[PDB]
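Before any comments, here is the structure.
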């Protein structure tokens, strides 16, 4: 069971890394788009946990 | 010449639990039923036992293996008996024959289990492939709406925010976000992350577990020994 | 007016309004085309007893 | 001269399940009911088993 569990935790890290890498790509695309739109500044004085779609408000 | 006896009872309930879980995943909604699994295991043994017993009965040899309920001393379950021509031999053969039948069924169960898995791999692989197409199509439509919106915006005379807070909205209203952001999305249309169907991601989770999966079908038994074969002092035939 | 003109100018393209029947049609088509079944590993019988000892009589 | 016997019982329920589930879910009122699937499988099993026996008796 412990051998299984150690394997499972290992495979799971690989899936996490792939997702982590994909989100970082979406962030790289969002920056060029935000500059292009002419938002190079915060549209809110606040900061919040924010999805890709509403991300642009961060500046 | 000499009758050696052994006493047996029920299946090992625990051992099959993993076979039952796997079977539920593969078959799913269609329903493999619990009932049919009990019938498939019990059937491999039944059919196989009867045949061995059959072969022994027909030959003009005194090698007679029989089953009926009989008493132990403290439990009444099934008593199995074998008549051998030497006492030591009746005890050895009886052990060997119950076991040999255990091995036969376990190999038939392992064999069917393989068959279940192979059917599941064709089905998963085909579903996964189909699911991507529908998602990519739906996506291609949403991209089209982003294009339509841009055209609408350039006519509408809104090229910049009429709404300060960004949100997702359909092509008729989208233009209010402003043309400039819309122009970029179209320009970089290809890189955008691919859309997933609620079914698709589920499929991937299931496949992901399936490769991890542990299951037994070589150490399962269909009987347990209450009394293991003993050396006889009975000269009944 | 500005939006309303754009819609008329690009009248042809406009999305299609679809009934529940459309989604049911694609749903049913997708589902038959995946399906697989059994064809030789299916039995409709079980043996309580495997053919046995000939010394019996019947008519 | 010498007669062989076998004893049989119910169908293997899990294996037919898919055929029945798919059929009802996809078609609805339009193709066979769970009852009608059942009736049809047995009507077919029963007519064939009996027909082999019938031909066989009639032979001497």
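Protein chains in written order, with the authors' numbering: chain A, 174 to 232; chain B, 55 to 291; chain C, 233 to 291; chain D, 55 to 114. Just so you know, even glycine gets a beta-carbon here, dropped at the ideal spot from N, CA and C.
Handout entry: Neighbourhood of residue 206 of chain B by C-beta, 6 Å cutoff - its chain only, sequence neighbours within 5 removed
Key = Here the question's residue 206 of chain B lines up with position 152 in the second chain. Excluding positions up to five away in sequence, the list reads 229.
Practice task
Just the chain C side, please: which residues come within less than 7 Å of residue 210 of chain B by C-beta, in chain order?
Solution key: Mapped onto the second chain, residue 210 of chain B falls at position 156. 234, 235, 238, listed in chain order.
Practice task
Would you list the one or two residues that DSSP bridges to residue 60 of chain B?
Solution key: Indexing the second chain from 1 puts residue 60 of chain B at position 6. Its beta-bridge partners are B/134.
Problem - Contact with chain D by residue 168 of chain B, beta-carbon distance below 8 Å - result: Mapped onto the second chain, residue 168 of chain B falls at position 114. Answer no: the Cβ-Cβ gap between residue 168 of chain B and chain D never drops below 8 Å.
Exercise for the section: Would you tell me roughly how many angstroms separate the C-alpha atoms of residue 260 of chain B and residue 70 of chain B, rounded to the nearest one? Expected result: The residue you call residue 260 of chain B lines up with position 206 of the second chain. The residue you call residue 70 of chain B lines up with position 16 of the second chain. C-alpha separation (whole angstroms): 21 Å.
Problem - Residues that residue 245 of chain B contacts on chain A, provided the C-beta gap is smaller than 8 Å - result: Counted from its first residue, the second chain places residue 245 of chain B at position 191. Those within 8 Å of residue 245 of chain B in chain A are 198, 202.
Handout entry: Candidates D/63, D/78, D/94: closest to residue 93 of chain B by CA position
Key = Numbered from 1 along the second chain, position 39 holds the residue referred to as residue 93 of chain B. The option with the nearest alpha carbon to residue 93 of chain B is D/63.
Practice task
Classify residue 198 of chain A as buried or exposed, calling it buried when 16 or more other Cβ atoms lie within 10 Å of its own Cβ.
Solution key: Against the first chain, residue 198 of chain A aligns to sequence position 25. Exposed, since its Cβ has fewer than 16 Cβ neighbours within 10 Å.
Exercise for the section: Express the C-alpha separation of residue 254 of chain C and residue 235 of chain B in angstroms, rounding to a whole number. Expected result: Numbered from 1 along the second chain, position 181 holds the residue referred to as residue 235 of chain B. Numbered from 1 along the third chain, position 22 holds the residue referred to as residue 254 of chain C. If I take the Cα positions, the gap works out to 33 Å.
Problem - Any non-hydrogen atom of the ligand NAP closer than 7 Å to residue 274 of chain B Cβ - result: Judged by which ligands are present, the structure shown has none, so any question about the ligand NAP falls away.
Handout entry: Assumed close pair residue 242 of chain B, residue 202 of chain A - CB separation to whole angstroms, cut-off 8 Å
Key = Within the second chain, numbered from 1, the residue matching residue 242 of chain B stands at position 188. Within the first chain, numbered from 1, the residue matching residue 202 of chain A stands at position 29. Correct: roughly 6 Å between the Cβ atoms.
Exercise for the section: Establish whether the CB of residue 76 of chain D and some CB of chain C are separated by less than 8 Å. Expected result: Counted from its first residue, the fourth chain places residue 76 of chain D at position 22. It does; some Cβ of chain C falls within 8 Å.
Exercise for the section: Measuring alpha carbon to alpha carbon, tell me which of B/82, B/273, B/238, B/288 ends up nearest residue 153 of chain B. Expected result: Numbered from 1 along the second chain, position 99 holds the residue referred to as residue 153 of chain B. Per the Cα distances, B/273.
Handout entry: Rounded straight-line distance, which links the Cα of residue 248 of chain B to that of residue 193 of chain A
Key = Taking the first residue of the first chain as 1, we reach residue 193 of chain A at position 20. Taking the first residue of the second chain as 1, we reach residue 248 of chain B at position 194. Going from the Cα of residue 193 of chain A to the Cα of residue 248 of chain B covers about 15 Å.
Handout entry: Residues within the stretch 89-119 of chain B neighbouring chain D, beta-carbon criterion of under 9 Å
Key = 89, 90, 91, 93, 94, 97
Handout entry: Reference residue 222 of chain B, options B/213, B/239, B/211, B/208, closest by Cα
Key = Looking up residue 222 of chain B in the second chain gives position 168. Measuring from the Cα of residue 222 of chain B, the nearest candidate turns out to be B/239.
Problem - Closer than 8 Å to chain B by CB, residue 279 of chain C - result: In the third chain, residue 279 of chain C corresponds to position 47, counting from 1. For residue 279 of chain C, the answer is yes, since a Cβ of chain B falls inside 8 Å of its Cβ.
Exercise for the section: Could you confirm whether any beta carbon from chain C is found closer than 8 Å to the beta carbon of residue 258 of chain B? Expected result: Looking up residue 258 of chain B in the second chain gives position 204. No, because no Cβ of chain C sits closer than 8 Å to the Cβ of residue 258 of chain B.
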